[PDB]
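Below you'll find the structure, written out as structure tokens, and then a few comments.
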Amino acid sequence: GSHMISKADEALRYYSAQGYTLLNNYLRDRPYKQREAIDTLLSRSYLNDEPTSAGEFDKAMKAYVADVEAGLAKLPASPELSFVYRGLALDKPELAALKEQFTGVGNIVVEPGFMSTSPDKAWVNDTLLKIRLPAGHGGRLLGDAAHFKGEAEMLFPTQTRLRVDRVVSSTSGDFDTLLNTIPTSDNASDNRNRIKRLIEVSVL
């Protein structure tokens, strides 16, 4: 073409199609194999040669993150949106500390990975988040994907922060009222009690 696609747009495109798993593993301090990572940093020109320090490899990962975020930020914003939604499983025993943070009003939860949400649907889970958006936030609607359909995806850059506004458990008199303002994936199964709580939070 007349123009070349920029490294940051190309990094987002790559991230969205293949890279997202690895990268988020690294960001979230979860296990991951350095071999596919280093290869990634190698083939995408963040390292010209195998790293010789811990700071050298982390420095390159950061550059890689910074390109994905710059390509994300350049997508058109959606100021018409006011809420996005996410379902998640806080009742897994290895997430008790995460659960503890999310269920305390006033607490701020920091997501180290890129945070994925939808403006159209929250898949039924033990917890649903209704995420209120401020003007000018960094979330952006992505293009159609090859691997799913049926809902939009709004992706946020790393280090997005969520303040807990309110916690409404399934036993609360407020539960159905809040639930009737959250679009869910189908909750018409034989198991009527999948959703344990709804949490309103705000992107800071």
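If you're wondering about the labels, chains in the structure tokens are A, B, ... by order shown, residues count from 1 in each chain, ligands from 1 in order shown.
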
Backbone-only DSSP, strand (DSSP E) members of segment 62-199 of chain A, as an MDAnalysis selection string: chainID A and resid 83:88 108:111 115:117 127:132 140:141 154:156 160:169 197:199

Can I get the selected residues back with C-alpha atoms, as a short mmCIF file (atom, residue, chain, number, x, y, z; two decimals), in the first residue's frame?
data_model
loop_
_atom_site.label_atom_id
_atom_site.label_comp_id
_atom_site.auth_asym_id
_atom_site.auth_seq_id
_atom_site.Cartn_x
_atom_site.Cartn_y
_atom_site.Cartn_z
CA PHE A 83 -22.03 0.91 31.40
CA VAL A 84 -20.14 -2.26 30.44
CA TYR A 85 -20.45 -5.70 32.02
CA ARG A 86 -18.29 -8.66 32.96
CA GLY A 87 -19.12 -12.06 34.55
CA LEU A 88 -16.56 -13.79 36.65
CA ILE A 108 -10.16 -0.13 44.52
CA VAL A 109 -9.29 -3.20 42.44
CA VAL A 110 -6.37 -2.75 39.98
CA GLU A 111 -6.28 -5.02 36.98
CA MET A 115 -9.43 -5.77 31.00
CA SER A 116 -12.07 -7.19 28.70
CA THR A 117 -15.75 -6.28 29.06
CA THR A 127 -20.49 -12.63 40.18
CA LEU A 128 -21.62 -10.02 37.67
CA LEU A 129 -19.97 -6.60 37.45
CA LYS A 130 -21.90 -3.57 36.17
CA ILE A 131 -19.10 -1.11 35.32
CA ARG A 132 -19.91 2.57 35.22
CA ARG A 140 -12.40 0.92 23.18
CA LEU A 141 -14.72 -1.28 21.11
CA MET A 154 -14.65 -3.21 24.95
CA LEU A 155 -11.03 -3.61 25.90
CA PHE A 156 -9.27 -1.39 28.47
CA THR A 160 -7.34 -0.02 34.82
CA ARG A 161 -8.78 0.70 38.29
CA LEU A 162 -12.31 -0.11 39.52
CA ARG A 163 -13.85 1.40 42.67
CA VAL A 164 -16.47 -0.81 44.39
CA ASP A 165 -19.69 1.23 44.62
CA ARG A 166 -22.07 -1.41 45.85
CA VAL A 167 -22.39 -5.10 46.57
CA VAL A 168 -25.83 -6.76 46.19
CA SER A 169 -26.03 -10.43 47.06
CA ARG A 197 -23.84 -11.37 43.73
CA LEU A 198 -23.96 -8.28 41.53
CA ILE A 199 -21.30 -5.61 42.10
#

All residues 8 Å or closer to residue 67 of chain A, only C-alpha atoms, same chain fewer than 5 positions away omitted, as JSON, numbers by chain: {"A": [7, 8, 9, 11, 12]}

9 Å contact set for residue 120 of chain A, only C-alpha atoms, chain neighbours under 5 positions out, as number ranges by chain: A: 84-85, 150-153, 182-184

Secondary structure check, helix (DSSP H, G or I) residues of segment 27-188 of chain A, as a PyMOL selection string: chain A and resi 27+34-43+54-74+93-102+175-179

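The smallest atom-to-atom distance between residue 62 of chain A and any of A:101, A:20, A:158, A:79, using only C-alpha atoms, is found for A:158.
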
Distance query residue 51 of chain A at most 10 Å, only C-alpha atoms, self and fewer than 5 positions along chain excluded, as a count of residues only: 8

Of the listed residues A:54, A:90, A:96, A:70, that which approaches residue 195 of chain A most closely, counting only C-alpha atoms: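 Ranking A:54, A:90, A:96, A:70 by distance to residue 195 of chain A, first place goes to A:90.
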
Atomic separation - atom CA of residue 45 of chain A relative to atom CA of residue 1 of chain A, Å: 21.8 Å

Residue 17 of chain A surroundings by only C-alpha atoms, 12 Å radius, close-in-sequence under 2 positions cut, as a PyMOL selection string: chain A and resi 10-15+19-22+142-148

Please produce an output containing N, CA and C atoms for each residue in the selection, written as a PDB file, in the first residue's frame.
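And here's selection18.pdb as it stands now:
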ATOM      1  N   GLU A  10      -0.312  -2.482  14.302  1.00  0.00           N
ATOM      2  CA  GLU A  10      -0.049  -3.870  14.008  1.00  0.00           C
ATOM      3  C   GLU A  10       0.059  -4.666  15.322  1.00  0.00           C
ATOM      4  N   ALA A  11       0.533  -4.042  16.410  1.00  0.00           N
ATOM      5  CA  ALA A  11       0.679  -4.800  17.681  1.00  0.00           C
ATOM      6  C   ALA A  11      -0.694  -5.089  18.230  1.00  0.00           C
ATOM      7  N   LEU A  12      -1.613  -4.156  18.025  1.00  0.00           N
ATOM      8  CA  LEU A  12      -2.956  -4.401  18.598  1.00  0.00           C
ATOM      9  C   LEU A  12      -3.558  -5.575  17.826  1.00  0.00           C
ATOM     10  N   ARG A  13      -3.384  -5.538  16.502  1.00  0.00           N
ATOM     11  CA  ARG A  13      -3.974  -6.532  15.597  1.00  0.00           C
ATOM     12  C   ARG A  13      -3.421  -7.890  15.942  1.00  0.00           C
ATOM     13  N   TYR A  14      -2.119  -7.957  16.142  1.00  0.00           N
ATOM     14  CA  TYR A  14      -1.508  -9.214  16.560  1.00  0.00           C
ATOM     15  C   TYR A  14      -2.013  -9.692  17.950  1.00  0.00           C
ATOM     16  N   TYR A  15      -1.962  -8.798  18.925  1.00  0.00           N
ATOM     17  CA  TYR A  15      -2.503  -9.069  20.267  1.00  0.00           C
ATOM     18  C   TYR A  15      -3.917  -9.686  20.208  1.00  0.00           C
ATOM     19  N   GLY A  19      -1.829 -13.093  20.478  1.00  0.00           N
ATOM     20  CA  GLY A  19      -0.912 -12.778  21.551  1.00  0.00           C
ATOM     21  C   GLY A  19      -1.554 -12.644  22.913  1.00  0.00           C
ATOM     22  N   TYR A  20      -2.862 -12.409  22.966  1.00  0.00           N
ATOM     23  CA  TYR A  20      -3.452 -11.932  24.214  1.00  0.00           C
ATOM     24  C   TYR A  20      -3.228 -12.872  25.422  1.00  0.00           C
ATOM     25  N   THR A  21      -3.221 -14.170  25.197  1.00  0.00           N
ATOM     26  CA  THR A  21      -3.037 -15.111  26.294  1.00  0.00           C
ATOM     27  C   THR A  21      -1.718 -15.027  26.987  1.00  0.00           C
ATOM     28  N   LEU A  22      -0.648 -15.166  26.217  1.00  0.00           N
ATOM     29  CA  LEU A  22       0.663 -15.001  26.740  1.00  0.00           C
ATOM     30  C   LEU A  22       0.865 -13.724  27.501  1.00  0.00           C
ATOM     31  N   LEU A 142     -13.562  -3.116  20.022  1.00  0.00           N
ATOM     32  CA  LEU A 142     -12.659  -3.752  19.025  1.00  0.00           C
ATOM     33  C   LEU A 142     -13.452  -4.173  17.761  1.00  0.00           C
ATOM     34  N   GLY A 143     -12.750  -4.527  16.689  1.00  0.00           N
ATOM     35  CA  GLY A 143     -13.430  -4.928  15.463  1.00  0.00           C
ATOM     36  C   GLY A 143     -13.935  -6.356  15.604  1.00  0.00           C
ATOM     37  N   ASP A 144     -14.683  -6.854  14.615  1.00  0.00           N
ATOM     38  CA  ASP A 144     -15.126  -8.264  14.627  1.00  0.00           C
ATOM     39  C   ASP A 144     -13.931  -9.202  14.792  1.00  0.00           C
ATOM     40  N   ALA A 145     -14.160 -10.350  15.433  1.00  0.00           N
ATOM     41  CA  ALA A 145     -13.110 -11.331  15.690  1.00  0.00           C
ATOM     42  C   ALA A 145     -13.423 -12.639  14.922  1.00  0.00           C
ATOM     43  N   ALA A 146     -12.417 -13.478  14.770  1.00  0.00           N
ATOM     44  CA  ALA A 146     -12.591 -14.764  14.113  1.00  0.00           C
ATOM     45  C   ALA A 146     -13.112 -15.826  15.098  1.00  0.00           C
ATOM     46  N   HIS A 147     -12.960 -15.604  16.407  1.00  0.00           N
ATOM     47  CA  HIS A 147     -13.159 -16.683  17.406  1.00  0.00           C
ATOM     48  C   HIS A 147     -14.464 -16.592  18.229  1.00  0.00           C
ATOM     49  N   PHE A 148     -15.219 -15.505  18.105  1.00  0.00           N
ATOM     50  CA  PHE A 148     -16.539 -15.431  18.771  1.00  0.00           C
ATOM     51  C   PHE A 148     -17.415 -14.406  18.045  1.00  0.00           C
TER      52      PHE A 148
END

Atom CA of residue 75 of chain A to atom CA of residue 46 of chain A, distance in Å rounded to a single decimal: 23.0 Å

Counting only C-alpha atoms, the residue of A:71, A:139, A:76, A:119 that sits nearest residue 16 of chain A: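 The closest residue to residue 16 of chain A is A:71.
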
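Computed from the coordinates, the atom CA of residue 204 of chain A to atom CA of residue 122 of chain A distance equals 20.6 Å.
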
Extract, using only C-alpha atoms, all DNA, RNA and protein residues at most 8 Å from residue 65 of chain A, discarding same-chain residues fewer than 4 positions from it, and format them as an mmCIF file with N, CA, C and O atoms, in the first residue's frame.
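Generated output (selection_15.cif):
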data_model
loop_
_atom_site.group_PDB
_atom_site.id
_atom_site.type_symbol
_atom_site.label_atom_id
_atom_site.label_comp_id
_atom_site.auth_asym_id
_atom_site.auth_seq_id
_atom_site.Cartn_x
_atom_site.Cartn_y
_atom_site.Cartn_z
ATOM 1 N N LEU A 23 0.552 -12.613 26.840
ATOM 2 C CA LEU A 23 0.830 -11.286 27.368
ATOM 3 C C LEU A 23 0.123 -11.058 28.690
ATOM 4 O O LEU A 23 0.700 -10.509 29.628
ATOM 5 N N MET A 61 9.116 -6.521 27.256
ATOM 6 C CA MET A 61 7.694 -6.797 27.474
ATOM 7 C C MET A 61 6.912 -5.498 27.597
ATOM 8 O O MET A 61 5.869 -5.369 26.970
ATOM 9 N N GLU A 69 -1.177 -0.874 23.725
ATOM 10 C CA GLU A 69 -2.021 0.190 24.267
ATOM 11 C C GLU A 69 -2.114 1.430 23.354
ATOM 12 O O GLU A 69 -3.164 2.088 23.295
#
